[PDB]
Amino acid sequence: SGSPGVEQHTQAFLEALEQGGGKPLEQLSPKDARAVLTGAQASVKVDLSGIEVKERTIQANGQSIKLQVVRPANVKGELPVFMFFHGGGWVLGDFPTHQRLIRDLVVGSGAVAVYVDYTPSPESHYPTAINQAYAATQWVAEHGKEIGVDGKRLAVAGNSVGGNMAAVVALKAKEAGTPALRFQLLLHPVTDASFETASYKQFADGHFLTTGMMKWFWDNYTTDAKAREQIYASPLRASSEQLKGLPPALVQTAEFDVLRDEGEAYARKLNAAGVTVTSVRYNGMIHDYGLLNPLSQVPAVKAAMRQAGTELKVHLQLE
């Protein structure tokens, strides 16, 4: 269905989904909802070349955590590294659904991605996944040599709830005083457990990610209102003092996205706190433009991916 101004291929994609019909995602079991993303991502021929992928299980902060290490192919030596936190509304997502996005970031940056297999919701609730995400980030900083990376040159990155996770891991690293981070890449992040922004109102339906989906995602994550008010759930609620000293950020938002305004608002809060921020709204785009494989060849998406990889590279250089 979409709106005037939606990029042409994206609009055609939305119309194709509308014609395909199907139950609202939030009316499905977590298992069936996961299968929607799995099936849709698998339905598209995509370039996954130029990477080498290796699983690694680590012992960190009291639990076993599974990683996927994604390295630029045919490259020798220690490389700088970014943690990658996947989206999917906490309920959906995993490594293979996100592999093309991760691949594009790795190939475009020359840096190694460390995907963290955090526990999904509702199997776990806040703050289980963010504690895993932080534990893995500290692990990479300390033990990077074991997986062929320079852990002292370390960024965090993610899409959607993964952008939430990246932002929150940066906050947790500030709180803990470790590890040092070069950069945070937030691709259309969730930043606030509230649903009254102008973008939430304007794009409630018809633009892939719906308000109904967002409320369901948040409900599966946690129904504890006190938890939702914590900065580690809703980082937009942080004060300037709480944000001071965070690493430089690139925040990409999508024009036609309920989460657009809270993402841009978080960028403004970082800027007001003296954090270096580049905040770029990709016009014509819907939420998860960098994830969805049917959109991966849209020229604006390719440009967004080129930028994301380049900014990772710029911030992960030697000295």
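The first residue of the shown sequence is 1; numbering continues from there.
- Averaged over their C-alpha atoms, the temperature factors of 59 to 67 and 275 to 283 are higher for 59 to 67.
- According to the PDB record, 31 to 39 carries the higher mean C-alpha B-factor of the two stretches 250 to 258 and 31 to 39.
- Looking only at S109, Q184, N164, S194, the residue with the top Cα B factor in the deposited structure is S194.
- Between the residues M83, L105, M214, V75, it is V75 that shows the highest Cα B-factor in the PDB record.
- In the PDB entry, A303 places in the lowest third of its chain by CA B-factor.
- Split the chain's modelled residues into thirds by C-alpha temperature factor. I51 is in the lowest one.
- Annotation for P127: CA B-factor lies in the highest third of the chain's modelled residues.
- Sort the chain's modelled residues by C-alpha temperature factor and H188 lands in the middle third, per the entry.
- Ranked by C-alpha B-factor against the other modelled residues of its chain, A267 falls in the lowest third.
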